[PDB]
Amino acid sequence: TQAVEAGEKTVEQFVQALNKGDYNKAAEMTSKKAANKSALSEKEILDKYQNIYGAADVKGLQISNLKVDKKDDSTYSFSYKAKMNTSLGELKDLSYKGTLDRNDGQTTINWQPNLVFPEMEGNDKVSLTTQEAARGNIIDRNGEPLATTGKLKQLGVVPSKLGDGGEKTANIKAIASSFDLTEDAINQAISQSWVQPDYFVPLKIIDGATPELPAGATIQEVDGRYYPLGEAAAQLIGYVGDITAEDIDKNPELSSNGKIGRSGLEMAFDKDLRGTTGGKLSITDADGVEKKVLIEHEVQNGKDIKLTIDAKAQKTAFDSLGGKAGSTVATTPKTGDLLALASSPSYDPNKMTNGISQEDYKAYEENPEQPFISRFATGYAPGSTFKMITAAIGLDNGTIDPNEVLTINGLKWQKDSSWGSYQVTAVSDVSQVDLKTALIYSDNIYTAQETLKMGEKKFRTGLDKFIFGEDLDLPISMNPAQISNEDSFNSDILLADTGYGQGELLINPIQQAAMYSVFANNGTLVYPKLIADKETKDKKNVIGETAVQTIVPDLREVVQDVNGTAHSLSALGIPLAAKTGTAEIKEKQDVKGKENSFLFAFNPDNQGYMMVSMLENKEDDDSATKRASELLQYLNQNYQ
């Protein structure tokens, strides 16, 4: 019995050393190379475990149902079920047999070929044939392609088959003249540090007919991932990259020759898009004739992914940002379909996945405007657009009378002398300010006074009915919106700032589109949705229908009133309700404060579309409002 317990520890450590990928430590727990003992030496056990388990990408060996007893004076038998992960799938239900040995005080494993796979005998080999799975496509709500896979002919020259003296110069000139490439660039590539005589130095990417090939040039067809919208959806869609040996160690079910999603939806839906590797893992005899099969799946290509995105709206939303720092979110607010998720500046995903120079990659990473950031998922202070939420809360809890006219003297205001030098500031000197006026001119003082009058308790009570702190059900990495840093403002100043969208508020554009959706659904919050087939989910009674019917007519006046901050959008001649905002930020360099321009706009007649556009670190006279004319026209015509 005391010996049977030591054997269950030996089988445990032997399996553990195999599981931990240390095939040498497991080899030293075996007996000597002899009959009725170990079949091979230790160096041959290492090389057999390394060759076979390495070829099958064997990872995560775990056993169960261990049964160890006694067979003779020095012989102990052991059995167990086992399972392991391979590049083909899960290899479960493995009945392992063996015998232990107690020669001195230690117990060793009489190693046999049946301890690599159950039915191996003598000089049996292992064979693995695999078929790569085609990565699925990504498409928009109307079927247009967003990310597809295909073949790409790649021109390239062989330095050895190019020439010696003069003939190499002649072949370079013929390759240059027959492929439209400068002669100074062909020599710059074939002379790089990595190049060797008999290598394949790629040049151009043939996108049409293959022309006449001079001496030295040769086309090598390769697989590529194409992105039709390109940079206009690079943050959302992401890009794929060549699978590395580290990736295979983490998930053996990958193809060491395929691509893996690195960011965005390409990485988010990597499992669904990449498919499953097909093939067969068999045990052959000593000559290569197949005996027993261990795994066999057929190649199953990846699934396609259909998004709520509109390819036209996505490209228009991105183009309207003119390459400046910003982002635009367009939805159908009654269902939550995300029509566009643009971020700017961006990077070339085609260039990123189909070969990018190391200089260009550093440009993308050293760019201060940071093109790799998904700005529709970055938290910001919403600014003056947030007054709609504060107003709706003040109307619901009976704090704001729409017709009551506050008197506001001057452009500065503070509650009392305890505020020191801090004062809420108004841009327009309007003395008689009611709710409709405060939304048209965007008056901070009215909002600050009504927030302080409301109280912190009643303010948060209305705020907590929204999606602050919630994690949206979206395949986009994202932080939840927050009201402040802590559960209490503990400051009348901070309570006031939060009233008109400043303070410690952090709400990303997508979360803003979800929160502002209440004004298109009579106070019901409709959650955003990116997968076209998902079910619409909502959250009712977030604000009162009374507040919606009061505020939306005022938001029409933000566009229609001649002093409205969005009056430039009345040139469209379409039903629009809007609210602009400009948030000031002092979290970069103290040399100068930076401003973020915002625009919220939806159709108040049919509620077909909703838009939340942003400009980060805006230039002067530049706003989100002056750029939104084109996207609004498209959404108004195509989403009624």
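Quick note: we count residues from 1 along the sequence shown, nothing fancier.
- In this entry, 282-290 shows the higher mean Cα temperature factor of the pair 282-290 and 334-342.
- Relative to its counterpart among 175-183 and 498-506, 175-183 has the higher mean temperature factor, C-alpha atoms as listed in the PDB entry.
- In the PDB entry, the Cα temperature factor peaks, among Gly322, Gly394, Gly379, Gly355, at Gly355.
- Note on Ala577, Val591, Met614, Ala56: the highest value goes to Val591, judged by CA B factor as recorded.
- Ranked within its chain, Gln633 lands in the lowest third, by CA B factor from the PDB record.
- Annotation for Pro349: C-alpha temperature factor in the lowest third relative to the rest of the modelled chain, per the entry.
- Among the modelled residues of its chain, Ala233 has a C-alpha B-factor that falls in the lowest third, as given in the PDB entry.
- Annotation for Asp72: C-alpha temperature factor in the highest third relative to the rest of the modelled chain, per the entry.
- Sort the modelled residues of the chain by CA B factor and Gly544 lands in the middle third.
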